[PDB]
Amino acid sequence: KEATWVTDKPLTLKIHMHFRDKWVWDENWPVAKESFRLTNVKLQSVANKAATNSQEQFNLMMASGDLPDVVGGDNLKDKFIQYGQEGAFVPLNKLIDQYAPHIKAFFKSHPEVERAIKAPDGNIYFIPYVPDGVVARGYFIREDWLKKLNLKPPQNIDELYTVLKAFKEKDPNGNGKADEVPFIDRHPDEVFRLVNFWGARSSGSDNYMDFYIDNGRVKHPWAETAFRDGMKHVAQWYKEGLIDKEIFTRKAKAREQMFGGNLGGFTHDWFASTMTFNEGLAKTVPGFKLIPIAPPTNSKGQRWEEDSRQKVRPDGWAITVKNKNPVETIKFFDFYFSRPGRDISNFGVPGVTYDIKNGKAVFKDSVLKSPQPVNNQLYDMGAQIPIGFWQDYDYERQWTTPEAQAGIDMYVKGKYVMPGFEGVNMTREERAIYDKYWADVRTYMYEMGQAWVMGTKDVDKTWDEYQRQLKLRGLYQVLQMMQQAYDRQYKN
């Protein structure tokens, strides 16, 4: 027996958790075993480990006719809310008040987070993944290449173009071939964020293609003329080969592949993990050195960092109506907002990945010296995964090098990080319009955007066509619903 046990008799719950198009909950995970040891609750995966489309698996599971006990994963907020209201998940409000003191206390001190996850009917249908941090992504460039070519870090978009063209044409890796790929990114969506360099927003938050507020008006970045003009530049950069030809398909291991193969020279990614490649590639890519740089001033005269750490992500887990043990389950969820639970969900397993020293979790030297980023190491063990848990930034601080820290501090002091969109509180009727049209609009936008970047469709020649589609697909009605919600909260 442990003080953290939520039940006297071992309880096994079925969980469908497929996330980030690559992982599934694994009961054999070191962290999964430790979770069971500490709570007396075991989670058995019913997900398809071989599947590569997390959202697709959620959809299939919901129509299986055999719902599990718990459902978890990334980017499921909208589905937890919609399906919760439709009767697939139980509301957690009262369960929390009565049996989840840590979560209750957390929501009391973070009322904004609680309001953000609530459905129009006022119910909480899932416990979210709460990030801890301030900044998210930043710009990184190859300083070793700048030195070889006698170039200075680019201070504005004109200089950035010049530098990237030099990386492309001056053989900085020295193999006598034009194989360098200036800009690379493990997140395809970052290619669109490049429009920031021409004064156009690409998203209102850390969630790609998100809405934003401009002087009290709800807008979608991809619907504005500034985006049209910015995309013409991005398309030109792709045509000139300054952008990875495979930017839309490389994905996940783009850094390992492109930096490891000494081809990439510039990216927009997270400070902690991106800086790990300097030590990680020290042997395989002699001289490799990425440095963080302030966002080059855009064409309009402003330095922009559009990304920021979210107060709460659209990830987490919920209790299905078929779960016969809702009380034990909410207590289990509560464990992840308590210090003991935050320890394993953030650091792994004691005696394996960390040890308690001076009363706090400290990563072992083996973990800190590994060439693989600490978060990547933890994913494979069941830690830093998108379940409902309270992230602890000290886990990240421990593997954030002085160089990475100097970059973070530079961005904070420079005030480059743009305030993120926190969302609006729609009524049931308003959100119904959102559920009806948004997913469709978003997919269409992405498909048109990819065509524009790859040059298969002309931005100017198809802009009016694109606008007609946005209207008949309901984007403007969605914006209207959101404007009404915004006004109820901030105006009148």
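Residue numbers run from 1 along the displayed sequence.
- Between the stretches 251-259 and 144-152, it is 144-152 that shows the larger average CA temperature factor.
- Checked against the record, the higher mean CA B factor of 312-320 and 360-368 lies with 360-368.
- The entry lists C-alpha B-factors for 273, 297, 98, 82, and the highest of these is at 98.
- Across the options 414, 326, 174, 348, the residue with the most elevated CA B-factor in the record is 174.
- Sort the chain's modelled residues by C-alpha temperature factor and residue 427 lands in the middle third, per the entry.
- Ranked within its chain, residue 71 lands in the lowest third, by CA B factor from the PDB record.
- Residue 237: CA B factor in the middle third of modelled residues in this chain (values from the PDB entry).
- When the modelled residues of the chain are ordered by their C-alpha B factor, residue 29 lands in the highest third.
- Split the chain's modelled residues into thirds by C-alpha temperature factor. Residue 207 is in the lowest one.
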